[PDB]
Amino acid sequence: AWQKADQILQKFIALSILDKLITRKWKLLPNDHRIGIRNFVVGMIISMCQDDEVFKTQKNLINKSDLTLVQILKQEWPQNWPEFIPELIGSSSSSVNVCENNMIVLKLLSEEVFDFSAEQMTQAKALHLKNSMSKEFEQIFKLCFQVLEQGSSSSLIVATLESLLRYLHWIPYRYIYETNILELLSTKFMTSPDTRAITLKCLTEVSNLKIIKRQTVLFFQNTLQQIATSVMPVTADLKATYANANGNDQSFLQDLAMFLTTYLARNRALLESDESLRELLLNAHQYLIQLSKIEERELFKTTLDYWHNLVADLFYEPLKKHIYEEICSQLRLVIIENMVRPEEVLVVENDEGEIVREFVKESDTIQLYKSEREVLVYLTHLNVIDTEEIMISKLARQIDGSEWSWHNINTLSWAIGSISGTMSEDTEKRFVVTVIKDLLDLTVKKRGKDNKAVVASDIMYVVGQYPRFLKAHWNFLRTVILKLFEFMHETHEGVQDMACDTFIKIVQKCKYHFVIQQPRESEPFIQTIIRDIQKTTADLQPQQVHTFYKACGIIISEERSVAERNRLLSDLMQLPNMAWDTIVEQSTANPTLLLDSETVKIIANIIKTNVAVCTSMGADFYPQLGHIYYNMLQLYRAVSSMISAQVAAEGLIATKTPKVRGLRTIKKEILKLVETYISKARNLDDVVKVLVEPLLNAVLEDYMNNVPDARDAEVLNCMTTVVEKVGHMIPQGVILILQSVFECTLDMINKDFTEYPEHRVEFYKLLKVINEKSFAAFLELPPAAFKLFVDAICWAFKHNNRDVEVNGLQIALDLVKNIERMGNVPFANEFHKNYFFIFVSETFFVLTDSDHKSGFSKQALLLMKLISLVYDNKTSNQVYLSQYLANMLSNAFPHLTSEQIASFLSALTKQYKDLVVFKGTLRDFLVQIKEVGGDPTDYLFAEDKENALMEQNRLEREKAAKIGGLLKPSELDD
């Protein structure tokens with residue numbers, strides 16, 4: 001029906017008609033109608049553009065005719081339109097407006113077919129397009145260059161530069177460097193403010209090509225000269241300029257930062273060698289120092305990434321450092337004055353200059369901090385005298401009041417804390433003594449809740465970053481702890497939270513010092529701490545009280561003598577054990593207390609207190625656990641009746657009520673306490689003899705018999721740690737666990753991939769450890785349940801959730817490993833008959849699934865082991881498996897010919913020992929197979945590049961560890 005085209009032009013739904021044909025019926029038309037159509041569209045576009053009024057007030061229709069033309073080139077060009085570019089050039093010299101619109105065409109075309117993607121052009125497919133279509137990237141360049149030499153129109157030149165940028169990566173590099181285009185860009189087009197932005201982007205892009213030495217210097221020289229001349233001198237206050245600039249000028253300053261950093265990262269060594277370009281070198285860095293003062297996240301990160309490169313290089317190569325000494329001096333100041341907030345600092349300034357407890361934990365910020373800390377640490381090693389001097393003289397100006405402000409004391413505190421590990425122990429000692437004296441003196445000077453909160457957070461930050469100093473100076477340690485206790489009485493919850501966090505952080509390093517009796521002291525500080533605990537912690541929220549008891553438990557586990565450690569534990573637990581004996585009394589007399597918010601809250605917080613101490617004490621917590629254990633399990637049973645009663649009485653809807661939520665929190669914390677102890681228990685035979693049976697008895701039937709919405713995923717998690725630590729010697733216990741949680745949980749999660757997301761995760765963690773530690777339990781299952789196990793396994797690795805998929809694959813691998821192990825036994829024959837093919841097809845399906853971007857390597861390994869399971873067995877039915885696989889491949893890839901299927905099948909089964917080679921075979925074929933079709937292929941290479949990055953990070957970390965201060969104390973063990 002399309003035929004009525006050429007006339008309507010030579011229009012809203014008229015161009016829409018061609019669009020439906022080009023996208024759905026184009027490759028059907030003979031070469032006849034295709035030459036005709038492409039010609040009358042290039043024709044009528046040209047007509048519109050030669051008329052000025054149509055050109056001016058109509059760019060909207062010229063736009064979608066360009067989009068139409070692009071859709072044509074995508075299909076026709078180059079193989080069936082070998083002379084499009086000549087027809088482009090030809091028609092361009094005939095009219096200025098045609099030429100400009102032709103530039104827009106070039107741009108849109110590259111946006112559609114060339115720079116659809118760009119960065120990952122480091123590969124064979126784009127390298128194909130580049131040097132095979134070289135002849136007409138040569139033409140596109142030549143057109144752009146000729147237009148730039150004799151072009152007049154601002155909008156034309158802009159359009160030309162926009163397409164240039166789009167094409168720079170395609171053009172034989174010869175043409176960028178032997179032409180005078182680089183001189184042209186870096187002078188005339190930097191001078192003109194209309195062309196400036198795009199020219200800078202172009203030149204940035206040039207610093208990213210595959211590489212002349214003289215020209216790269218030259219264009220940088222020109223560009224810097226033209227900025228100084230036409231835009232702003234190196235001395236300009238860019239922080240101010242930026243703050244007051246419009247959108248265009250801000251964008252320009254960002255582009256300048258990008259240009260300088262990218263050029264200098266690549267070409268710095270060039271400029272360092274010739275001691276004639278030193279000024280230009282320092283000048284470009286001086287510009288970046290100015291840019292680095294701008295208050296804008298992305299501009300700041302852009303500069304910082306570059307400084308990190310520079311100063312890491314100078315530290316490893318110190319003979320270069322003299323060159324940049326003044327630049328590094330300015331940079332210390334910029335960084336010290338513009339520190340990102342460490343994650344340890346829990347109070348913040350909002351919109352209305354209110355000091356609050358941050359809600360949000362931004363980890364975009366955590367990476368910015370990490371990079372800034374490293375820059376400051378490298379700068380500190382480069383000049384530790386300058387660094388210390390800056391920080392101490394800045395602190396003096398906080399103290400004399402001349403530069404006092406929240407912002408200034410914060411950034412400086414954060415910098416001081418961020419360089420812990422950079423100094424010798426001696427230099428650090430003198431440094432930290434002064435800083436702490438000054439920050440304490442600020443806590444006395446600066447009154448009001450706000451002041452107090454700001455300065456408290458800074459002093460807590462600093463002391464928590466210098467445990468090495470505290471460990472060596474018992475007097476400062478005690479004083480610092482007493483001050484933290486004082487902070488725990490402040491009304492600001494952010495300050496309290498940080499006081500408990502800092503207490504914990506220092507105790508992790510200094511615990512020994514709290515347990516021994518110090519000279520000058522009547523008793524170990526842990527004794528004093530415990531006796532005053534009720535006073536010390538009276539203002540804390542329960543969550544902070546739990547941290548405080550956690551820190552005490554870390555100190556108590558330093559006492560290696562049993563009677564004394566047990567008595568410290570008993571003393572620590574006096575308050576929660578008193579509350580526990582009371583509430584156990586009261587609640588068992590009147591079980592409806594369990595529906596009371598306050599009572600539930602009391603119980604939950606007792607259990608949480610025990611979890612917190614157990615987390616720190618591990619195996620040493622047993623006397624306390626054994627003190628509450630039976631009443632705790634009775635409480636669990638009692639709370640479980642309450643919950644079932646509300647469900648029976650109200651509906652399912654009961655689980656949404658606060659009463660039932662409150663009741664389940666008790667069950668969840670009890671399961672956490674027991675999981676936590678069993679995960680660290682040393683006495684495993686006692687765990688089995690005394691703890692396990694009452695635990696399974698209290699928890700398993702209750703889980704099995706509850707309604708789905710009232711089953712706690714925490715039961716699965718507790719059972720995973722039980723099986724993991726003692727599963728090897730509770731075979732009956734593991735069978736009960738399976739019997740109680742297996743079918744009923746599988747029923748909850750086998751309808752979709754999303755409902756009961758924690759049950760899903762904890763279910764496959766539990767199956768993986770059962771399959772591993774007590775595989776015999778899966779044989780005590782009736783065959784109907786084994787069948788369910790096999791389906792559940794496949795179901796798991798069908799998820800896109802990594803935290804389920806990885807376990808499904810592991811369990812499939814452990815199961816096949818097992819079946820491989822038993823050889824020619826009845827069960828293996830059953831497995832082949834009933835389950836082996838399910839695993840083969842389900843594995844191959846997820847492995848080929850383009851939507852399933854996770855897990856390639858392990859899936860390939862499982863397919864390898866399945867294939868090995870048959871072809872490595874001399875008496876198995878091998879040709880049957882080859883026929884099955886030929887059918888499966890034919891079905892997955894219907895477009896392959898029989899010989900292509902043959903060749904894939906044969907390469908697939910040729911070897912099944914070396915995973916690296918197998919993976920490569922599979923990838924080679926799947927990439928070829930999915931090229932024809934356009935399906936995605938990177939998922940195939942993603943596990944590898946994620947593994948190379950992790951290796952890269954582990955190497956960096958190992959180097960960083962040798963440089964004092966790069967890793968913070970908390971990251972050191974310890």
# chains A, B, ... in the order shown; residues from 1 in each chain; ligands from 1
call {"tool": "residues_around", "arguments": {"residues": "residue 682 of chain A", "least_positions_apart": "5", "cutoff": "10 Å", "atoms": "only C-alpha atoms", "output": "VMD selection string"}}
result
chain A and resid 618 to 620 622 677 687 725
call {"tool": "atom_distance", "arguments": {"atom1": "atom CA of residue 218 of chain A", "atom2": "atom CA of residue 239 of chain A"}}
result
28.7 Å
call {"tool": "residues_around", "arguments": {"residues": "residue 512 of chain A", "least_positions_apart": "3", "cutoff": "12 Å", "atoms": "only C-alpha atoms", "output": "count of residues only"}}
result
25
call {"tool": "select_by_dssp", "arguments": {"residues": "segment 673-789 of chain A", "states": "alpha helix (DSSP H)", "output": "MDAnalysis selection string"}}
result
chainID A and resid 673:680 684:686 693:705 713:726 731:749 757:773 776:779 783:789
call {"tool": "residues_around", "arguments": {"residues": "segment 30-36 of chain A", "least_positions_apart": "5", "cutoff": "10 Å", "atoms": "only C-alpha atoms", "output": "JSON, numbers by chain"}}
result
{"A": [3, 6, 22, 41, 72, 76, 80, 81]}
call {"tool": "residues_around", "arguments": {"residues": "segment 754-756 of chain A", "least_positions_apart": "4", "cutoff": "10 Å", "atoms": "only C-alpha atoms", "output": "tab-separated table (two decimals) with C-alpha atoms, in the first residue's frame"}}
result
chain	number	residue	atom	x	y	z
A	708	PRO	CA	3.53	-19.66	54.83
A	709	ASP	CA	3.46	-15.99	55.87
A	713	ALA	CA	13.31	-17.61	57.19
A	745	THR	CA	9.45	-24.33	51.69
A	748	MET	CA	6.37	-21.37	48.80
A	749	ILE	CA	9.09	-20.45	46.31
A	750	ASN	CA	8.35	-22.69	43.22
A	760	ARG	CA	14.61	-18.59	48.76
A	761	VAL	CA	18.13	-17.50	49.64
A	799	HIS	CA	16.95	-17.55	39.00
A	801	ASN	CA	19.40	-13.75	41.65
call {"tool": "residues_around", "arguments": {"residues": "segment 569-573 of chain A", "least_positions_apart": "4", "cutoff": "9 Å", "atoms": "only C-alpha atoms", "output": "list in words"}}
result
residues 527, 530, 531, 533, 549, 552, 553, 556, 557, 564, 565, 577, 578, 609, 610, 613, 620, 621, 623 and 624 of chain A
call {"tool": "closest_residue", "arguments": {"among": "A:730, A:289, A:256, A:439", "to": "residue 235 of chain A", "atoms": "only C-alpha atoms"}}
result
A:289
call {"tool": "atom_distance", "arguments": {"atom1": "atom CA of residue 98 of chain A", "atom2": "atom CA of residue 53 of chain A"}}
result
13.5 Å
call {"tool": "closest_residue", "arguments": {"among": "A:540, A:907, A:589, A:667", "to": "residue 603 of chain A", "atoms": "only C-alpha atoms"}}
result
A:667
call {"tool": "residues_around", "arguments": {"residues": "segment 348-362 of chain A", "least_positions_apart": "6", "cutoff": "9 Å", "atoms": "only C-alpha atoms", "output": "ChimeraX atom specification"}}
result
/A:341,406-407,450-451,453-454,492-495,497
call {"tool": "closest_residue", "arguments": {"among": "A:444, A:629, A:379, A:428", "to": "residue 468 of chain A", "atoms": "only C-alpha atoms"}}
result
A:428
call {"tool": "closest_atom_pairs", "arguments": {"of": "segment 539-649 of chain A", "to": "segment 688-696 of chain A", "cutoff": "12 Å", "atoms": "only C-alpha atoms", "output": "Markdown table"}}
result
| residue | atom | partner | partner_atom | distance |
| --- | --- | --- | --- | --- |
| A:622 | CA | A:691 | CA | 10.7 |
| A:625 | CA | A:691 | CA | 9.9 |
| A:626 | CA | A:691 | CA | 8.8 |
| A:628 | CA | A:691 | CA | 11.8 |
| A:629 | CA | A:691 | CA | 8.2 |
| A:630 | CA | A:694 | CA | 8.2 |
| A:631 | CA | A:694 | CA | 11.2 |
| A:632 | CA | A:695 | CA | 10.1 |
| A:633 | CA | A:695 | CA | 7.1 |
| A:634 | CA | A:694 | CA | 9.8 |
| A:636 | CA | A:695 | CA | 9.8 |
| A:637 | CA | A:695 | CA | 10.5 |
call {"tool": "write_last_selection", "arguments": {"atoms": "N, CA and C atoms", "output": "mmCIF file, in the first residue's frame"}}
result
data_model
loop_
_atom_site.group_PDB
_atom_site.id
_atom_site.type_symbol
_atom_site.label_atom_id
_atom_site.label_comp_id
_atom_site.auth_asym_id
_atom_site.auth_seq_id
_atom_site.Cartn_x
_atom_site.Cartn_y
_atom_site.Cartn_z
ATOM 1 N N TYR A 622 29.276 -19.758 76.159
ATOM 2 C CA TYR A 622 28.423 -20.891 76.532
ATOM 3 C C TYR A 622 27.739 -20.863 77.942
ATOM 4 N N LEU A 625 24.705 -18.731 77.644
ATOM 5 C CA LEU A 625 23.654 -19.360 76.809
ATOM 6 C C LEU A 625 23.014 -20.470 77.650
ATOM 7 N N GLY A 626 23.857 -21.238 78.336
ATOM 8 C CA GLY A 626 23.330 -22.415 79.088
ATOM 9 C C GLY A 626 22.439 -21.940 80.258
ATOM 10 N N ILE A 628 20.187 -19.361 80.208
ATOM 11 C CA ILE A 628 18.835 -19.109 79.727
ATOM 12 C C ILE A 628 18.219 -20.198 78.867
ATOM 13 N N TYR A 629 19.025 -21.172 78.433
ATOM 14 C CA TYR A 629 18.616 -22.006 77.272
ATOM 15 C C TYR A 629 17.184 -22.599 77.356
ATOM 16 N N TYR A 630 16.901 -23.368 78.411
ATOM 17 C CA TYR A 630 15.591 -24.053 78.465
ATOM 18 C C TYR A 630 14.438 -23.085 78.582
ATOM 19 N N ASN A 631 14.566 -22.056 79.415
ATOM 20 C CA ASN A 631 13.468 -21.089 79.470
ATOM 21 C C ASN A 631 13.339 -20.370 78.138
ATOM 22 N N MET A 632 14.485 -20.151 77.484
ATOM 23 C CA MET A 632 14.432 -19.494 76.197
ATOM 24 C C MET A 632 13.642 -20.339 75.201
ATOM 25 N N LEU A 633 13.898 -21.649 75.158
ATOM 26 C CA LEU A 633 13.157 -22.482 74.212
ATOM 27 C C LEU A 633 11.681 -22.603 74.619
ATOM 28 N N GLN A 634 11.409 -22.546 75.919
ATOM 29 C CA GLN A 634 9.971 -22.576 76.358
ATOM 30 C C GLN A 634 9.321 -21.292 75.902
ATOM 31 N N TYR A 636 10.196 -19.564 73.334
ATOM 32 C CA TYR A 636 9.981 -19.713 71.900
ATOM 33 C C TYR A 636 8.642 -20.468 71.631
ATOM 34 N N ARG A 637 8.427 -21.609 72.320
ATOM 35 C CA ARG A 637 7.197 -22.392 72.168
ATOM 36 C C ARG A 637 5.956 -21.586 72.551
#
call {"tool": "atom_distance", "arguments": {"atom1": "atom CA of residue 194 of chain A", "atom2": "atom CA of residue 168 of chain A"}}
result
20.5 Å
